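Residue numbers (my numbering): 768 to 997.
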Amino acid sequence: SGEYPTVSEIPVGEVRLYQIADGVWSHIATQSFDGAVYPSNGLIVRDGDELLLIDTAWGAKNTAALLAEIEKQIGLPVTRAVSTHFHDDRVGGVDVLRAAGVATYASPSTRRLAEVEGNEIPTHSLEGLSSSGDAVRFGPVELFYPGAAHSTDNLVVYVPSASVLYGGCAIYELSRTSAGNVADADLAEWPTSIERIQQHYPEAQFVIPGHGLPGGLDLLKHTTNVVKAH
Ligand SMILES: O=C(O)[C@@H]1CS[C@H]2CS[C@H](CS)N21
Ligand SMILES: O=C(O)[C@@H]1CS[C@H]2CS[C@H](CS)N21
Ligand SMILES: [Zn+2]
Ligand SMILES: [Zn+2]
């Protein structure tokens, strides 16, 4: 689109917000990994006079900057956060959120896996997400467990008001042509998990990957192509 913030535009420690729809934003941060710097996305969704945060900004410092940018640009309190899998780009900063008064949530699986990794652990457990195809409402969003993909615990998030599908790290941006980290993945199941995402959200209008530029439902087929080419 030419409007979305890119990795080179954001120094590590800064956070950008991108308005997607009425009461729906993405947050974009950057972090060092494997000798390079990469971007990472999360989501912010308005719920009346409060905000729901989806995912941290990949570390304590970035997450503090995220909260500052939210206060500056939106001016509504973040009351709850959901982490969509156990990796540091999703949970790193949970301790900062807790210290800011945010109630943090993740599935039982995500909480267990974060503990095993030595990552920060979201406090509260999400009910009703244990089996592939499970969906639950959580304030202004639906949470969906599509099955194992990028990780065994990965969730996706849908915002019905705007037909926004937040795929998280189970969905790759269009420009990515090779697999990312796969030690936690289920490459055999990933294409089927993507089929379940599309079956549940076949009218999604905007699809946000965990890293990089948003797209449409074409990102699902693209991700399958990448996973199967690997
Ligand atoms: O954060 C993690 O749990 C793990 C540890 S090793 C490395 C692989 S993917 C993710 C970085 S986004 N990561
Ligand atoms: O493993 C991944 O899918 C993603 C996308 S590419 C690779 C580098 S940035 C981020 C850190 S976990 N990552
Ligand atoms: Zn991940
Ligand atoms: Zn990620």
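Even for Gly, the Cβ is constructed at its ideal location relative to N, Cα and C.
{"Item": "Chain-ordered residues, beta carbon under 5 Å from a heavy atom of ligand 4", "Value": "856, 936, 977"}
{"Item": "Cβ neighbours of residue 994 in the same chain (closer than 7 Å, five flanking residues each side left out)", "Value": "946, 954, 957, 958"}
{"Item": "Outcome for residue 876 when other beta-carbon atoms lying within 10 angstroms are tallied against a minimum of 16", "Value": "buried"}
{"Item": "Separation of residue 788 from residue 965, as counted between CA atoms", "Value": "21 Å"}
{"Item": "Runs of beta strand (DSSP E) lying entirely within the stretch 818-896, each at least 3 residues, in chain order", "Value": "845-849, 870-873"}
{"Item": "Cα-Cα separation between residue 900 and residue 961, rounded to whole angstroms", "Value": "11 Å"}
{"Item": "Distance cut-off 8 Å: residue 1003 Cβ against heavy atoms of ligand 3", "Value": "A question about residue 1003 goes unanswered here, because the residues of the chain that appear run from 768 up to 997."}
{"Item": "Rounded straight-line distance, which links the Cα of residue 935 to that of residue 822", "Value": "9 Å"}
{"Item": "Cα-Cα separation, residue 855 to residue 840", "Value": "25 Å"}
{"Item": "Nearest-angstrom beta carbon gap, residue 909 and residue 933 [assumed within contact, 8 Å]", "Value": "The pair is not a contact, with the Cβ atoms about 10 Å apart (cut-off 8 Å)."}
{"Item": "Inter-residue Cα distance where the pair is residue 976 and residue 937", "Value": "7 Å"}
{"Item": "Alpha helix (DSSP H) segment containing residue 956, residue limits", "Value": "Careful: residue 956 lies outside any alpha helix (DSSP H) and carries neither H nor E."}
{"Item": "Short CB-CB distance (under 9 Å) between residue 997 and chain E", "Value": "Absence of chain E from the displayed structure is noted, only one protein chain being present."}
{"Item": "From 942, 950, 786, 972, residue whose alpha carbon lies closest to that of residue 992", "Value": "942"}
{"Item": "Residue 853: CB within 8 Å of a non-hydrogen atom of ligand 2", "Value": "no"}
{"Item": "Rounded straight-line distance, which links the Cα of residue 939 to that of residue 859", "Value": "21 Å"}
{"Item": "Given residue 832 as reference, the closest of 927, 867, 914, 928 once Cα atoms are compared", "Value": "867"}
{"Item": "Backbone CA spacing between residue 880 and residue 891 [nearest angstrom]", "Value": "14 Å"}
{"Item": "Residue 788 CB to nearest heavy atom of ligand 1 below 8 Å", "Value": "no"}
{"Item": "Buried versus exposed, by CB contacts within 10 Å (16 or more), residue 920", "Value": "buried"}
{"Item": "Exposure label - residue 915; buried when at least 16 CB within 10 Å", "Value": "buried"}
{"Item": "Closer than 8 Å: residue 799 CB and nearest ligand 3 heavy atom", "Value": "no"}
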